[PDB]
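Each remark here refers to the structure printed beneath this line.
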Amino acid sequence: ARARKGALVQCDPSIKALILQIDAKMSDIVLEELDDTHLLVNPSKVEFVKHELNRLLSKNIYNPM
Amino acid sequence: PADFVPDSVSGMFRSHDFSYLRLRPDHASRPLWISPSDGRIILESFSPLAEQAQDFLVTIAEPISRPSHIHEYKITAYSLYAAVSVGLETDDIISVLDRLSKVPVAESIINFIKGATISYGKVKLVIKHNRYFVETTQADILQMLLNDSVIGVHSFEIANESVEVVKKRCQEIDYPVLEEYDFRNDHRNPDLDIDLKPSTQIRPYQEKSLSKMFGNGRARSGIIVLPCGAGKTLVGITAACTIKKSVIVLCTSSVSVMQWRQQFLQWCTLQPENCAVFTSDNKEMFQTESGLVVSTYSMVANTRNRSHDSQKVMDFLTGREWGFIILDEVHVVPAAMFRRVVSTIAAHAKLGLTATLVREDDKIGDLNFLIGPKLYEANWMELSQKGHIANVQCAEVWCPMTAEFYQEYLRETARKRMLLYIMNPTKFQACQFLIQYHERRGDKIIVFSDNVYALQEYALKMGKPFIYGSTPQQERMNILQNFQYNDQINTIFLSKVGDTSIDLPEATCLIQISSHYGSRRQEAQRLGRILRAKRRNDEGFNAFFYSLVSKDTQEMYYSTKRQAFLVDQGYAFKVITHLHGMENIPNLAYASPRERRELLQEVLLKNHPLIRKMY
Amino acid sequence: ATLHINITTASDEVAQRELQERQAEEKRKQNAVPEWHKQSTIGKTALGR
Ligand SMILES: Nc1ncnc2c1ncn2[C@@H]1O[C@H](COP(=O)(O)OP(=O)(O)O)[C@@H](O)[C@H]1O
Ligand code: BEF
Ligand SMILES: [Mg+2]
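These protein sequence lines map, in sequence, to chains A, B and C.
Heads up: take any position in the first sequence, counting from 1, add 1, and you land on UniProt numbering.
According to UniProt numbering, the stretch in the second sequence is residues 101 to 252, 313 to 767, 830 to 837, in order.
Heads up: take any position in the third sequence, counting from 1, add 257, and you land on UniProt numbering.
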């Protein structure tokens with residue numbers, strides 16, 4: 002009987018691996034690893050990880066000007 | 101734009117609104133829309149006068165995109181420079197443009213056309229006895245050219321190596337130069353009697369390309385762009401046959417040279433005696449007064465060291481004054497040094513043949529002053545619907561890289577990162593299922609892979625033949641012939657070596673696993689292997705082109721950037737997120753974690831004469 | 258060389274017609290596009306082992 006407020010992030014291994022590096026750089030990102038498709042993250046960093054991840058993925062996307 | 105009220109939504113547009121001008125009463129008939137700022141021209145393919153402008157627009161405007169209904173052209177200095185050559189003056193362009201335009205031509209557009217359309221046709225370059233003379237038909241030009249700081313009826317000599325300098329200078333100065341050869345009145349150069357045999361059939365587009373070149377009556381040096389497999393070889397063959405003078409052919413391959421010669425004899429009536437082949441195997445040169453030499457640029461652009469047999473050949477090429485030079489695959493002549501053959505080899509006319517007139521650097525524009533402007537271009541989809549070329553069901557398979565490999569992808573450096581996601585297990589399983597499914601359908605499959613290590617691993621794992629740089633000419637030729645007519649061998653594993661200029665009339669399916677980063681030409685060149693399929697007219701036939709790319713990787717950046725040219729031509733890639741029936745396949749490579757772990761480490765680990835008896 | 262002839266009766270004529278029909282269907286299948294190219298496969302689960 003114990004409750005822990007947080008955000009349940011559901012994603013694929015590719016996104017999961019990216020989140021780990023973000024968690025590695027910023028420890029507070031991930032609170033606990035639930036499963037290969039479920040991660041617990043701090044609510045405060047949700048607005049930042051989603052926005053920060055966009056810049057990282059921008060490199061993999063070819064935008065013609 | 102005077103006393104025109106902007107619309108409430110005009111703020112969204114930025115200096116591009118063209119509603120200030122009014123439409124003519126005959127809009128229902130005129131097919132052309134002209135952009136007064138960007139120079140883009142939108143052509144109606146479903147309205148009267150569409151055909152009359154389809155060919156004219158290509159000459160004056162470079163085609164950007166030509167989809168089914170609405171074609172998109174654009175007028176530029178290079179495009180106008182190509183049109184101004186073939187008997188076209190500024191008045192003709194403006195008169196035709198206004199006649200076919202729903203809207204009046206703006207002053208700004210006119211000013212741009214006036215500046216560059218009057219330059220062509222005042223200075224001529226001629227060659228005599230291997231000596232280059234800058235000939236002008238008026239004496240006024242002497243006060244201009246001779247007084248130029250860079251430089252140094314009247315005709316004066318000029319250094320052969322200095323042609324590339326003056327020609328570029330000629331572009332900067334008002335008057336550019338034109339390379340016209342009056343072969344009719346040229347009797348000093350020996351002639352060769354060769355004509356196309358009766359079995360030959362000139363296709364309608366081939367005749368149109370020739371007409372644009374011989375419209376005025378004097379041969380013009382330039383570039384011809386045709387779809388891969390459309391017959392760019394025959395284009396060069398026709399030019400040599402009609403000129404009827406000494407000619408030299410450069411082909412950037414060894415297999416191509418062998419097949420170029422075989423097709424050369426088949427289509428024309430040239431006797432084998434007068435035809436000579438200059439490749440690594442044999443280097444003998446024809447002793448006849450007039451003959452043809454088919455070689456590769458690497459065999460003529462070398463400067464430091466050459467063989468004794470090749471040393472005489474180099475002098476043999478340089479000493480004689482050739483009449484025509486055919487630059488096969490002219491997309492590589494503006495490279496570092498292959499352009500030397502154009503200068504060292506003396507020729508009164510130069511021609512360029514390439515399907516893709518694009519490259520990463522800006523040297524593509526150098527072709528304008530190297531061999532001339534672009535003469536004719538042909539659509540891809542238009543020939544597809546006419547039965548000239550086969551239809552392709554282009555596809556792009558997104559294979560999500562496995563988690564174990566993806567972890568190393570993040571940490572690994574860029575140089576080693578490429579090999580990691582090219583050998584992911586998912587690609588192996590997808591390829592196996594597709595190969596078995598397509599093999600059951602009686603289709604010939606070609607698997608391209610720029611990485612030699614991946615090619616060998618895939619080939620040995622699947623027990624199929626593979627060809628790459630180390631493969632000798634003899635062995636590969638046997639493999640190619642076997643793959644064409646042998647039913648047992650239905651698939652092969654080619655590499656960057658076979659990316660272009662190899663004739664595969666039987667190939668129908670094409671797959672690629674690796675790539676040479678963002679090049680947009682290799683994608684088109686590779687696709688050309690299946691565009692010349694023999695059974696391209698049977699009802700319902702559609703070729704296949706599969707691109708295996710790892711998802712959530714840099715491959716998408718290169719994949720979306722390396723297929724932009726084909727999209728412009730008309731090909732459309734279809735995303736395949738799922739391959740149905742993959743699970744039901746009996747066995748798949750690296751299906752268990754144990755094999756994946758073993759592969760992970762394997763790829764990761766990749767980075830006194832009497833004393834003579836003594837020994 | 259050897260010359261072989263075959264006299265076709267009414268039953269054979271109809272029998273031969275069906276052979277071509279089967280061949281035509283196979284010929285059409287040889288040119289028909291694969292199933293996955295027929296329908297857009299986005300909602301379906303992603304490809305995998
Ligand atoms: N007029 C033609 N008649 C028959 N086959 C032709 C004709 N023009 C081209 N081909 C065939 O097209 C194929 C490709 O020719 P090739 O000159 O290698 O094309 P490209 O250089 O444009 O890639 C060859 O099989 C060639 O025989
Ligand atoms: F465009 Be081809 F294949 F030389
Ligand atoms: Mg070719």
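For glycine and all other residues, C-beta sits at the position ideal for the given N, C-alpha and C.
- Ranked by how close their Cα comes to the Cα of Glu339 of chain B, the residues B:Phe565, B:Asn767, B:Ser108, B:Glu235 have B:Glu235 in first place.
- Contact between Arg519 of chain B and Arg681 of chain B holds: CB atoms are separated by about 7 angstroms, below the 8 angstroms threshold.
- For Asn263 of chain C, there are no C-beta contacts with chain B under 7 angstroms, since the nearest C-beta of that chain is about 27 angstroms from it.
- Residue burial is scored here from C-beta neighbours: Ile142 of chain B has fewer than 16 other C-beta atoms within 10 angstroms and is therefore classed as exposed.
- Taking 8 angstroms as the cut-off, one finds at least one heavy atom of ligand 2 near enough to the beta carbon of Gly688 of chain B.
- Placement of the Cβ of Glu699 of chain B at a distance of 8 angstroms or more from every heavy atom of ligand 3 is found.
- A heavy atom of ligand 1 is found nearer than 8 angstroms to the CB of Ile362 of chain B.
- Under DSSP, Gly377 of chain B shares a beta bridge with no residue.
- Shortest Cα-Cα distance from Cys591 of chain B to any of B:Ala506, B:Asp192, B:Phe608, B:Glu758 involves B:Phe608.
- Membership of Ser630 of chain B in any alpha helix (DSSP H) is not indicated, and neither H nor E is assigned to it by DSSP.
- Selection A:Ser59, A:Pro65, A:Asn64, A:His39 evaluated against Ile20 of chain A yields A:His39 as nearest (Cα-Cα).
- Within 8 angstroms of the C-beta of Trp133 of chain B there is not a single heavy atom belonging to ligand 1.
- Listed along the chain, the chain B residues whose CB falls inside 9 angstroms of the CB of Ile23 of chain A amount to none; the nearest CB is some 11 angstroms away.
- DSSP places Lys656 of chain B within a helical segment (H, G or I) once states are collapsed to three.
- Sequence-distant partners of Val158 of chain B (beyond 5 residues in either direction) whose C-beta falls short of 7 angstroms from its own C-beta, in its chain, are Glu537.
- The DSSP-derived three-state label of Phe104 of chain B is coil.
- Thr456 of chain B places its beta carbon 9 angstroms or farther from that of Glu433 of chain B.
- At least one CB atom of chain B sits nearer than 9 angstroms to the CB of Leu19 of chain A.
- As for any alpha helix (DSSP H) of minimum length 4 sitting wholly inside the stretch 445–473 of chain B, the runs are 458–461, ordered along the chain.
- Within the model, the alpha-carbon separation for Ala495 of chain B versus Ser322 of chain B is close to 18 angstroms.
- Excluding the 5 residues flanking it on each side, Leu759 of chain B has same chain C-beta neighbours closer than 8 angstroms at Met583, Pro585, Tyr750, in chain order.
- Annotated three-state conformation of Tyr178 of chain B is helix, per DSSP.
- In its chain, beyond the 5 residues on either side, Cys401, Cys428, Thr429 have a beta carbon closer than 8 angstroms to the beta carbon of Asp355 of chain B.
- C-alpha of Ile362 of chain B to C-alpha of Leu394 of chain B: approximately 9 angstroms in a straight line.
- Along the length of the stretch 356–426 of chain B, whole alpha helix (DSSP H) runs at least 4 residues long occupy 364–373, 392–403, reported in chain order.
- DSSP places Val290 of chain C in the coil class of the three-state scheme, outside both helix and strand.
- Taking a beta-carbon distance threshold of 9 angstroms, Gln280 of chain C does not count as an interface residue toward chain B.
- In terms of Cβ geometry, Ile383 of chain B and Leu511 of chain B form a close pair [threshold 9 angstroms].
- Secondary structure note for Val493 of chain B: it is in no beta strand (DSSP E), with a DSSP letter that is neither H nor E.
- Taking 8 angstroms as the cut-off, the C-beta of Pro387 of chain B counts as close to a heavy atom of ligand 1.
- Relative to the non-hydrogen atoms of ligand 1, the Cβ of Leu513 of chain B comes within a distance shorter than 8 angstroms of at least one.
- Taking CB atoms only, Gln277 of chain C has no neighbour in chain B less than 9 angstroms away.
- For a cut-off of 8 angstroms, the C-beta gap from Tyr181 of chain B to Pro533 of chain B is around 5 angstroms, short enough to register as a contact.
- Not a single heavy atom of ligand 1 lies less than 8 angstroms from the C-beta of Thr516 of chain B.
- Interface annotation for the stretch 536–560 of chain B against chain C: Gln553, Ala555, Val557, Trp558, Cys559, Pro560, criterion Cβ-Cβ distance under 9 angstroms.
- Among the residues of chain B, those whose CB is under 9 angstroms from the CB of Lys301 of chain C are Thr737, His738, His740, following chain order.
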